[PDB]
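Asker:
There are 2 protein chains.
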Amino acid sequence: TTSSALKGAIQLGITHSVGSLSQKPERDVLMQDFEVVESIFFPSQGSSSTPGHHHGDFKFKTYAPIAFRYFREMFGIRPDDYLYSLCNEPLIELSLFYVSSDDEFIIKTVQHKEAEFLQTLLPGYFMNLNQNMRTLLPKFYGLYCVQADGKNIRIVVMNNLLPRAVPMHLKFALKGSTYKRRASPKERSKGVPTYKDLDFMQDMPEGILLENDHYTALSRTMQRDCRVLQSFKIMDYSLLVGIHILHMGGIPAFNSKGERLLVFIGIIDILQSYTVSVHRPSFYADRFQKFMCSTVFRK
Amino acid sequence: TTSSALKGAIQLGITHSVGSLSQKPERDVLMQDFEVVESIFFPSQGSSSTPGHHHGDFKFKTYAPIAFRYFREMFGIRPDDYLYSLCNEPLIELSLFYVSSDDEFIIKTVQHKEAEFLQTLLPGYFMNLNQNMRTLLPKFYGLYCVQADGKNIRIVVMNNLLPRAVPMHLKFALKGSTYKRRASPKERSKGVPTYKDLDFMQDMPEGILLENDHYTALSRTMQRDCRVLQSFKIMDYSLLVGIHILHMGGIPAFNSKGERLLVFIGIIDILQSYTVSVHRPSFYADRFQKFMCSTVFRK
Numbered sequence: 057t058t059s060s061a062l063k064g065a066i067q068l069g070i071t072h073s074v075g076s077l078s079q080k081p082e083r084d085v086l087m088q089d090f091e092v093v094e095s096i097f098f099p100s101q102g103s104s105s106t107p108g109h110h111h112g113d114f115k116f117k118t119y120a121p122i123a124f125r126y127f128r129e130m131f132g133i134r135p136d137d138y139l140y141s142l143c144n145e146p147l148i149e150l151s159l160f161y162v163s164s165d166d167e168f169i170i171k172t173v174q175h176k177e178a179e180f181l182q183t184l185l186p187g188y189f190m191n192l193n194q195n196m197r198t199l200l201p202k203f204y205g206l207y208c209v210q211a212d213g214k215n216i217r218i219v220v221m222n223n224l225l226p227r228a229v230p231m232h233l234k235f236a237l238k239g240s241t242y243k244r245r246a247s248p249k250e251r252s253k254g255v256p257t258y259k260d261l262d263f264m265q266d267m268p269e270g271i272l273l274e275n276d277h278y279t280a281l282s283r284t285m286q287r288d289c290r291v292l293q294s295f296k297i298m299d300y301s302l303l304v305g306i307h308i309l310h357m358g359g360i361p362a363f364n365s366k367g368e369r370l371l372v373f374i375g376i377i378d379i380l381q382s383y402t403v404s405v406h407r408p409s410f411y412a413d414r415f416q417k418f419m420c421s422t423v424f425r426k
Numbered sequence: 057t058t059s060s061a062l063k064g065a066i067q068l069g070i071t072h073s074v075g076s077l078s079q080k081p082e083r084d085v086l087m088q089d090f091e092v093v094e095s096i097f098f099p100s101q102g103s104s105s106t107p108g109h110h111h112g113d114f115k116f117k118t119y120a121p122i123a124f125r126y127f128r129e130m131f132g133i134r135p136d137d138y139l140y141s142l143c144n145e146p147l148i149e150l151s159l160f161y162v163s164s165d166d167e168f169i170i171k172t173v174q175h176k177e178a179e180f181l182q183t184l185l186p187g188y189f190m191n192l193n194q195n196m197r198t199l200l201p202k203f204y205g206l207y208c209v210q211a212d213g214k215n216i217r218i219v220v221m222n223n224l225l226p227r228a229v230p231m232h233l234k235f236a237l238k239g240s241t242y243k244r245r246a247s248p249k250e251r252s253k254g255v256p257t258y259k260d261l262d263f264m265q266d267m268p269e270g271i272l273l274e275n276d277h278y279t280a281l282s283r284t285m286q287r288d289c290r291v292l293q294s295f296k297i298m299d300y301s302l303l304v305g306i307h308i309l310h357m358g359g360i361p362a363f364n365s366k367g368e369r370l371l372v373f374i375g376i377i378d379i380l381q382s383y402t403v404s405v406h407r408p409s410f411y412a413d414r415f416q417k418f419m420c421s422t423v424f425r426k
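Residue numbers (UniProt numbering), protein chains in the order written: chain A, 57 to 151, 159 to 310, 357 to 383, 402 to 426; chain B, 57 to 151, 159 to 310, 357 to 383, 402 to 426.
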């Protein structure tokens, strides 16, 4: 299990990266700061700025640091809370995946293509964050790379929509398409499984209700994230919806002859670099939206 | 005087450009919207969307429209107020310069190099506006081009720091350098002339005082606009300072054994595309700042 030697390099290097940054004084972000990549070397022998460790020698690459300082702040992620949740508490595997012990932060691994894509994406992302506070896209806290025995492991640190904190009764993974949009039998016999579009259309035919106030905003900030997504020629993103039926940081929703319930939603799998027509991601987004905003949620 | 045939094309075309835009529904800005250029043709014979006119036929090019919609809004420029001040009231020459009759809006002409530079500049500008509300840079309301008898006249519409509205007793044009920084005799015998750095250093040796509250902000948001300016490899910008000694939208300042007074400041001549060293605009900015923040204004 080199999994435990990654975990280590991850925790160690982030601390050096963000720890070093917090002593440095704060300053606005500039277009320059998005292309920045900074590395630091971690010998197992330890260095002058660097502790030894039982993991093999490795270099730790932290991408666009000032940009993510800024993003984390814009999300309400205090530096010490970030550093604690990630570096001072066991990381937790899953099934090339990790979670903080406190279940607030995800750490997925990404192909060099996905990563570099995200790098180019940062300006649009900035511009979204500052005009749509309500946006549903992934919250990217950080992009790092670990250089160990020739390999490059490349990670994105980001928010967990659906934390153990609250228990979820239904998982839904939506897209606005239908083909093979049914939860595999294998999936269908999990605890709370992630059902797909065909599942939602039978098992919740009356939909999800919302108050004409709460609704128009969701409709509004999805029209927005989609117009943003298409612009970047992205497709195959899904709208994850977690439902808690009630007996507090989400959306209050009703139920077709059902208990009041709180839904927890957000868009995923956004790093999809784009043979497809020029007019097609536009299409994917219109479908998506009109679906979520007419079949999944209703006023 | 084709000056009056420009004035016309300007007023006519803006109205069509912004007038058309205001019917269109509003939406966030995207990186895409900064490269956008849109044109429209104005025959003297008039068209289906286009009135006739006694100016020679011309095409009206409006650069990055959604971006400036957004900027104007971010500055508090209502569309109808913009359109009135510019298009429904005589423009006013000066000495390739114009002002609105109401003296709020400047219209300078710019070389194809300056204009295209500004086009590339828009992302950094956006990113500045959203992190430094207090920034002193030019306020760019719009970039347009008029195509008449082969020529391209290219205009920037922007804010007048120093409007007739308030009467100014001293003009100062600062830079942090000294060589040939003296108001020409010719200039020195104008009404209120624009004195330069050597002038300020003798005629106001005790400086300008401010309250430790008011000061630190100016210092702060200049360190910011300079760090921004250098990043874009700009130099030769000046800090225009208007002083009104008092017997209300500016800065309250004292005077070395003098009446309380209100200063009105902001940075100019920022479209300066950059043989100079890579380390030099950095230098220009540090000088500039330490000057304005140690010789011109004191706590």
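For each residue, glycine too, the CB sits at the ideal point set by N, CA and C.
Measuring CB to CB, does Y258(B) end up less than 8 Å from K238(B)?
Answerer: Taking the second sequence and counting its residues from 1, one reaches residue 258(B) at position 195. Taking the second sequence and counting its residues from 1, one reaches residue 238(B) at position 175. Result no, Cβ atoms of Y258(B) and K238(B) do not sit closer than 8 Å.
Asker: Residues in the same chain with beta-carbon distance under 8 Å from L139(B), minus the five sequence neighbours each way, listed in chain order, please.
Answerer: Translated into positions along the second sequence, residue 139(B) becomes position 83. Only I70, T71, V74, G75 meet the Cβ criterion.
Asker: Name the residues in the region 402–417 of chain A whose C-beta lies less than 7 Å from a C-beta of chain B; which are they?
Answerer: Within the region 402–417 of chain A, no residue has a Cβ that lies closer than 7 Å to any Cβ of chain B.
Asker: What span of residues does the alpha helix (DSSP H) with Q67(B) cover, start to end?
Answerer: As a position in the second sequence, residue 67(B) is number 11, starting the count at 1. Where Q67(B) is concerned, the enclosing alpha helix (DSSP H) stretches over 59–79.
Asker: Counting only C-beta atoms, is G132(B) closer than 8 Å to chain A at any point?
Answerer: Within the second sequence, the letter at position 76 stands for residue 132(B). Chain A contact via Cβ: absent.
Asker: With 8 Å as the C-beta to C-beta threshold (strictly closer), list the residues of the region 286–297 of chain A near chain B in chain order.
Answerer: Under the 8 Å Cβ criterion, the region 286–297 of chain A contributes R287, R290, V291, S294.
Asker: Do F373(B) and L200(B) have their CB atoms nearer than 8 Å?
Answerer: Here the question's residue 373(B) lines up with position 264 in the second sequence. Here the question's residue 200(B) lines up with position 137 in the second sequence. For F373(B) and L200(B), no; Cβs fall outside 8 Å.
Asker: Once you ignore the five residues that flank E82(A) on each side, which residues in its own chain have a CB closer than 8 Å to its CB?
Answerer: Taking the first sequence and counting its residues from 1, one reaches residue 82(A) at position 26. Here the set comprises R125.
Asker: For a test of the three-state rule: what should DSSP assign to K117(A), helix, strand or coil?
Answerer: On the first sequence, position 61 is the one that residue 117(A) refers to. Strand, per DSSP.
Asker: Identify the continuous beta strand (DSSP E) that holds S301(B) and give its terminal residues.
Answerer: The residue given as residue 301(B) occupies position 238 in the second sequence. Here the beta strand (DSSP E) through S301(B) covers 301–308.
Asker: Can you list the residues of chain A that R83(B) reaches, using a CB-CB cut of under 9 Å?
Answerer: Residue 83(B) sits at position 27 when you count from the first residue of the second sequence. In chain order: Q286, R287, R290.
Asker: What separation, rounded to the nearest whole angstrom, lies between the Cα atoms of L68(B) and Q416(B)?
Answerer: Position 12 of the second sequence holds residue 68(B). Position 289 of the second sequence holds residue 416(B). Looking at the two C-alpha atoms, the distance is approximately 41 Å.
Asker: Just the C-alpha distance for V220(B) and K214(B), rounded to the nearest angstrom, thanks.
Answerer: Translated into positions along the second sequence, residue 220(B) becomes position 157. Translated into positions along the second sequence, residue 214(B) becomes position 151. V220(B) and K214(B): Cα-Cα distance of roughly 19 Å.
Asker: For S163(A), is the classification buried or exposed, using 16 other Cβ atoms within 10 angstroms of its Cβ as the cut-off for buried?
Answerer: Residue 163(A) sits at position 100 when you count from the first residue of the first sequence. When all chains shown are included, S163(A) counts as buried.
Asker: Is the CB-CB distance between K202(B) and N222(B) below 8 Å?
Answerer: Working through the second sequence from its first residue, we reach residue 202(B) at position 139. Working through the second sequence from its first residue, we reach residue 222(B) at position 159. Yes. Within cutoff.
Asker: Does the CB of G187(A) have a neighbour CB from chain B at under 8 Å?
Answerer: Stepping through the first sequence from its first residue, residue 187(A) is reached at position 124. Closer than 8 Å to some Cβ of chain B, the Cβ of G187(A) qualifies, so yes.
Asker: Here's the rule I'm using: 16 or more other beta-carbon atoms within 10 Å means buried, otherwise exposed. How should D266(A) be labelled?
Answerer: As a working note, residue 266(A) is residue 203 in the first sequence. The residue is exposed, with fewer than 16 neighbouring Cβ atoms inside 10 Å.
Asker: The beta strand (DSSP E) spanning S95(B) covers which residue range?
Answerer: Counted from its first residue, the second sequence places residue 95(B) at position 39. Counting along the chain, the beta strand (DSSP E) containing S95(B) begins and ends at 93–98.
Asker: Leaving out five residues on either side along the sequence, give the residues of the same chain with a beta carbon under 8 Å from the beta carbon of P99(B).
Answerer: In the second sequence, counting from the first residue as 1, residue 99(B) sits at position 43. Excluding residues within five positions, the ones whose Cβ falls inside 8 Å are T106, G108, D113.
Asker: Can you check whether the CB of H307(B) is closer than 8 Å to the CB of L380(B)?
Answerer: Taking the second sequence and counting its residues from 1, the one referred to as residue 380(B) is at position 271. Taking the second sequence and counting its residues from 1, the one referred to as residue 307(B) is at position 244. Cβ atoms of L380(B) and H307(B): not closer than 8 Å.
Asker: Starting from the Cα of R244(A), find the closest Cα among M285(A), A65(A), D260(A), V229(A) and give me that residue.
Answerer: Position 181 of the first sequence, counted from the start, is the residue given in the question as residue 244(A). Considering only alpha carbons, the answer is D260(A).
Asker: Could you have a look at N191(B) and say whether DSSP puts it in helix, strand or coil?
Answerer: Residue numbering aside, residue 191(B) sits at position 128 when the second sequence is read from its first letter. In the structure shown, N191(B) sits in a helix (DSSP, three-state: H, G or I).
Asker: Quick check: is the beta carbon of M264(B) nearer than 8 Å to any beta carbon in chain A?
Answerer: Along the second sequence, read from residue 1 onward, the residue named residue 264(B) stands at position 201. Taking Cβ atoms only, chain A never reaches closer than 8 Å to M264(B), which makes this a no.
Asker: What is the residue span of the alpha helix (DSSP H) that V220(B) lies within?
Answerer: Translated into the one-based positions of the second sequence, residue 220(B) becomes position 157. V220(B) -> not in any alpha helix (DSSP H); beta strand (DSSP E) instead, spanning 214–222.
Asker: With the cut-off set at 8 Å, would you say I376(A) and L302(A) are in Cβ contact?
Answerer: Here residue 376(A) is taken as the residue at index 267 of the first sequence, counted from 1. Here residue 302(A) is taken as the residue at index 239 of the first sequence, counted from 1. The answer is yes: Cβ separation under 8 Å.
Asker: Alpha carbon to alpha carbon, what distance is there between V92(A) and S421(B)?
Answerer: Sequence index remark: in the second sequence, residue 421(B) carries index 294 (1-based). Sequence index remark: in the first sequence, residue 92(A) carries index 36 (1-based). Rounded to the nearest angstrom, the two C-alpha atoms are 33 Å apart.
Asker: Could you check what DSSP says for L380(A) in three-state terms: helix, strand or coil?
Answerer: The residue labelled residue 380(A) in the question sits at position 271 within the first sequence. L380(A) falls in the coil class under three-state DSSP.
Asker: Residues of chain A with CB under 7 Å from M87(B), in chain order?
Answerer: To locate residue 87(B), count along the second sequence from 1; it is residue 31. Under the 7 Å cutoff, chain A gives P186, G187, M190.
Asker: Closer than 6 Å by C-beta to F97(B): which residues in its own chain qualify, once you throw out the five before and the five after it? Chain order, please.
Answerer: Numbered from its first residue, the second sequence carries residue 97(B) at position 41. Correct list, in chain order: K115.
Asker: Are there 16 or more other CB atoms within 10 angstroms of the CB of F131(B), so buried, or fewer, so exposed?
Answerer: Numbered from its first residue, the second sequence carries residue 131(B) at position 75. So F131(B) counts as exposed.
Asker: Give a yes or no on contact between the region 204–212 of chain B and the region 172–187 of chain B, applying the rule of three or more CB pairs nearer than 8 Å.
Answerer: Counting Cβ pairs under 8 Å, three or more are found: they touch.
Asker: How close, in whole Å, do the beta carbons of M419(A) and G305(A) come, if the pair is a contact with beta carbons under 8 Å?
Answerer: Taking the first residue of the first sequence as 1, we reach residue 419(A) at position 292. Taking the first residue of the first sequence as 1, we reach residue 305(A) at position 242. The Cβ separation is near 14 Å, so there is no contact.
Asker: In whole angstroms, what is the alpha-carbon distance linking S104(A) and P121(A)?
Answerer: As a position in the first sequence, residue 104(A) is number 48, starting the count at 1. As a position in the first sequence, residue 121(A) is number 65, starting the count at 1. For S104(A) and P121(A), the distance between alpha carbons rounds to 22 Å.
Asker: Tell me which residue opens and which closes the alpha helix (DSSP H) that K243(A) is part of.
Answerer: To locate residue 243(A), count along the first sequence from 1; it is residue 180. That residue, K243(A), is in no alpha helix (DSSP H); it is neither H nor E in DSSP.
Asker: My understanding is that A412(A) touches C289(A), with C-beta atoms under 8 Å, so please give their C-beta distance in whole angstroms.
Answerer: As a working note, residue 412(A) is residue 285 in the first sequence. As a working note, residue 289(A) is residue 226 in the first sequence. Contact flag correct, Cβ pair sits at about 4 Å.
Asker: Which residues in chain B sit within 7 Å of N195(A), going by Cβ to Cβ distance?
Answerer: One-based indexing of the first sequence puts residue 195(A) at position 132. Here the neighbours are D84.
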